[PDB]
Amino acid sequence: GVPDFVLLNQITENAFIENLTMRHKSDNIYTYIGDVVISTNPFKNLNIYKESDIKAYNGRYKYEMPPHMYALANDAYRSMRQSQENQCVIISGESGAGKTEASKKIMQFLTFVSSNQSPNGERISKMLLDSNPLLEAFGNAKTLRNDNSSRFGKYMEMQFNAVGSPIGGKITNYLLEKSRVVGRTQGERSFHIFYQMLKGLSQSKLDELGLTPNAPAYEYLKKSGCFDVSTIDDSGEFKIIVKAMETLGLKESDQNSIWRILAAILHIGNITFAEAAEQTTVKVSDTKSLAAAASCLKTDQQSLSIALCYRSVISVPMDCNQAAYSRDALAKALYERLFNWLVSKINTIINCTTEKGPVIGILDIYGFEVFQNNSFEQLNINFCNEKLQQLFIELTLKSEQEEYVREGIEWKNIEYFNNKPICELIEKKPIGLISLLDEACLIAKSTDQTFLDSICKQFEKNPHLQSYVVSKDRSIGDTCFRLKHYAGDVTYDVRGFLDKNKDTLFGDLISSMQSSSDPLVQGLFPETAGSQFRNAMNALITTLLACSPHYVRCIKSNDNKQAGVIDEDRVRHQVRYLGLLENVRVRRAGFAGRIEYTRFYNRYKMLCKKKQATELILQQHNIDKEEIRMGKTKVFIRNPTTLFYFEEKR
Ligand SMILES: Nc1ncnc2c1ncn2[C@@H]1O[C@H](COP(=O)(O)OP(=O)(O)O)[C@@H](O)[C@H]1O
Ligand code: VO4
Ligand SMILES: [Mg+2]
């Protein structure tokens, strides 16, 4: 087809899709838009990620070779080495577009050209890489959109020294979908590790844990009714994780310490409750499970039981519902903590505190998703994709253009459709979705329903937000509300939004765990999830705006994981809401590089005959000014080549 869309004959959305479909059908996943990498999920292995390929793109310039993920990594690395500044790769795409795999191809590259033979160098490399399979086991799950699906945001920072060697790395994780442990969409599956452990551990360790090799045997796992995935090999996979556990310094001592907690969560899920017609209170039925759970958690079986059936020196009995609620709340707290622990545990072996040096961050977040029923989790994941989208725009389209005028470079303002910072605004500060939901949590009387009314009244005079009430549209359920995201409309069900945002665990349950003798358990137990995630995101965004950007934009080829197939409409939608066309457009009318003035002077003199300098150097080198415009403080050079010229002459 045609690499880099700026070279499209006729710059039109249709042309764009035609070119993209053409490439994809012939296994040409990658295409450029000038430094930006556009990739289309192949849904099958393409033998193009071999070390030889790594060697092929290493050092080379973007034009010397076919568009490839590596060219981006190579630029990021070289730039870091050169300017000695921090780089960051922001990868975007819906769920299943292929962000997780791309972020790994990027590391593979860096963690290789970066080392050499240096066994020490490639040693830590081995560690940074093994961290992926490890976290993937506890943070990924098979949703309906993706068999792998990352259920947590991740920002991986590659640490190098001035010389350019891998010295370490630190991982930053974002709000995990812990609710997936106790309940999920039928057809879907819980976190991998659970299934893999059940088919990986020896019948010995299994019995010591009170477990039976069979997912159906457990409540939490049985619910969604799905225990296998043609795509995944649980048994064989578990062996990999365990290797990784050791490569990261988690001997069979730690491994077992972890296994217990997972086994405990599994047992907790089988605890049933009965009407304790004795006073009336509620009591545990499937006692043996309650025994096994307390057995693994290494705590007093009784204290536990009492924590599940009463509140708090005064103990108020609770119904079969509040009991089941607390049961699930406990399981969720355990996993969330265990996961957060696991990352810091890794960060301990990987994060270099000694040396200080340049860093290359890689962003891998949960992509935009829409299901039959969307709840609190989806709102956050999507909100997070909204922010990321807002960032691309602020950089890639708004920023670049806004300069062209500010410098005074005759510019035909190319209007990038939706600016979308309005979908953020509708959910961050005073009088915003999560801010209302937050403040509504304070009023001990309000309920999910009363909250919906706030939103519906406070807004709906504001686009992006609809409801059956105001916009008399039956599509919106009676307990739901429509949100017009940048990537399409989504309908959230307010049910459970309060207790989800409250995110509370009663002291009785906490104390019942602290009372554990297992060093790990008690280790796990030594401001609304919403407002908190809101901070994490704003923090993340300010840090990404402190590095040199490199963009990768993944496009989901189709919703059936079909290799070599394009979903015309579906892909056309993405291409549109992403603003890729308004990119090729800008890239055209615009100029390749806009090198500042004083930076040209104190750099390109030798070529020159002995902002005044700027001009002189060009005139004495002949270059159609229809290729360069003089700015108030920066110079502009339309095409790449007419810039390679000067630089290839040094
Ligand atoms: N480059 C690729 N080569 C082979 N399979 C791929 C590639 N990119 C994505 N996939 C397939 O798509 C699935 C989903 O990709 P993934 O990276 O997990 O998406 P995301 O991170 O955006 O949810 C993968 O686990 C894999 O089966
Ligand atoms: O399914 V993915 O976009 O990792 O979330
Ligand atoms: Mg993923």
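In PDB author numbering, the protein residues as written are 9 to 287, 292 to 324, 335 to 548, 560 to 643, 653 to 692.
Don't be surprised by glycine CBs; every beta carbon is placed ideally from N, CA and C.
Any heavy atom of ligand 3 counts here; residues with a Cβ closer than 5 angstroms to one of them, in chain order, are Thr108, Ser158.
Here DSSP, grouped into helix, strand and coil, assigns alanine 355 to helix.
In the DSSP assignment, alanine 625 falls outside any beta strand (DSSP E), carrying neither H nor E.
Of all alpha-carbon atoms in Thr631, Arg632, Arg621, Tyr634, the one lying nearest the alpha-carbon of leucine 16 is that of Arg621. Just so you know, the alpha carbons of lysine 494 and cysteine 478 end up roughly 12 angstroms apart.
Between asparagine 82 and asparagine 94, the gap from beta carbon to beta carbon reaches 8 angstroms or more. Approximately 14 angstroms separates the beta-carbon atoms of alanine 319 and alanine 272; this is outside 8 angstroms, ruling out the contact. Under the 10 Å beta carbon count, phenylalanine 439 is surrounded by fewer than 16 other beta carbons and is classified as exposed.
The secondary-structure analysis by DSSP pairs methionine 166 across a beta bridge with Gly177, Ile382.
About 6 angstroms separates the beta carbons of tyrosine 226 and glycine 277, which is inside the 8 angstroms limit, making them a contact pair.
When DSSP states are grouped into helix, strand and coil, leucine 219 belongs to the coil group. Per DSSP, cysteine 587 is one residue of the beta strand (DSSP E) stretching across 581-588.
Residues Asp12, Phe13, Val14, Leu613, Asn616, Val617, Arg620 of the same chain have their beta carbon placed closer than 7 angstroms to that of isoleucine 41, with the five preceding and five following residues left out of the count. According to DSSP, residue pairing for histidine 507 in a beta bridge involves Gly510. Annotation: the continuous alpha helix (DSSP H) that includes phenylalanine 473 extends over 470-480. Spatial neighbours of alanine 145 in its own chain (CB-CB distance under 7 angstroms, excluding positions within 5 residues in sequence) are listed in chain order as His200, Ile201, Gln204, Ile249. Inter-segment contact for the stretch 183-202 and the stretch 151-163 is present: three or more beta-carbon pairs are separated by less than 8 angstroms.
Residue environment for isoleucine 98: buried (at least 16 other C-beta atoms within 10 angstroms of its C-beta). Boundaries of the beta strand (DSSP E) harbouring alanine 284: 281-284, taken from the DSSP string. DSSP places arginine 671 inside the beta strand (DSSP E), whose first and last residues are 670-672. The residues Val512, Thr513, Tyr514, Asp515, in chain order, have a CB closer than 7 angstroms to that of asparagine 396 in the same chain once the five nearest residues on each side in sequence are set aside. With contacts defined as CB atoms closer than 8 angstroms, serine 315 and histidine 275 fail to qualify as a contacting pair.
Taking C-beta atoms as the reference points, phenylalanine 473 and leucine 459 count as a pair closer than 8 angstroms. Looking at the DSSP output, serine 47 sits in a beta bridge with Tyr38, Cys587. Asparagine 53 and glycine 597 have their C-alpha atoms roughly 11 angstroms apart.
In the structure shown, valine 294 falls within a strand segment according to DSSP collapsed to helix, strand and coil. In this structure, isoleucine 46 and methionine 77 do not form a Cβ contact; the two beta carbons are roughly 11 angstroms apart against a cut-off of 8 angstroms. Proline 224 places its beta carbon 8 angstroms or farther from that of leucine 206. Distance from the CA of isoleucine 387 to the CA of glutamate 629, rounded to the nearest whole angstrom, comes to 34 angstroms. In this structure, DSSP gives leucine 183 a state outside helix and strand, which the three-state scheme calls coil. The C-alpha of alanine 353 lies about 51 angstroms from the C-alpha of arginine 68. Secondary structure at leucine 487: strand, using DSSP grouped into helix, strand and coil. Short of 8 angstroms from the beta carbon of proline 541, and not among the five residues preceding or following it, lie these beta carbons of its own chain, in chain order: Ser265. Sequence-distant Cβ neighbours of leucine 410 in its own chain, meaning closer than 6 angstroms and more than five residues away, are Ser100. Three or more Cβ pairs closer than 8 angstroms define a contact, and the stretch 405-419 falls short of that threshold against the stretch 126-142. Beta-carbon to beta-carbon, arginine 609 and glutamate 109 are separated by about 24 angstroms, too far to satisfy the 8 angstroms threshold.
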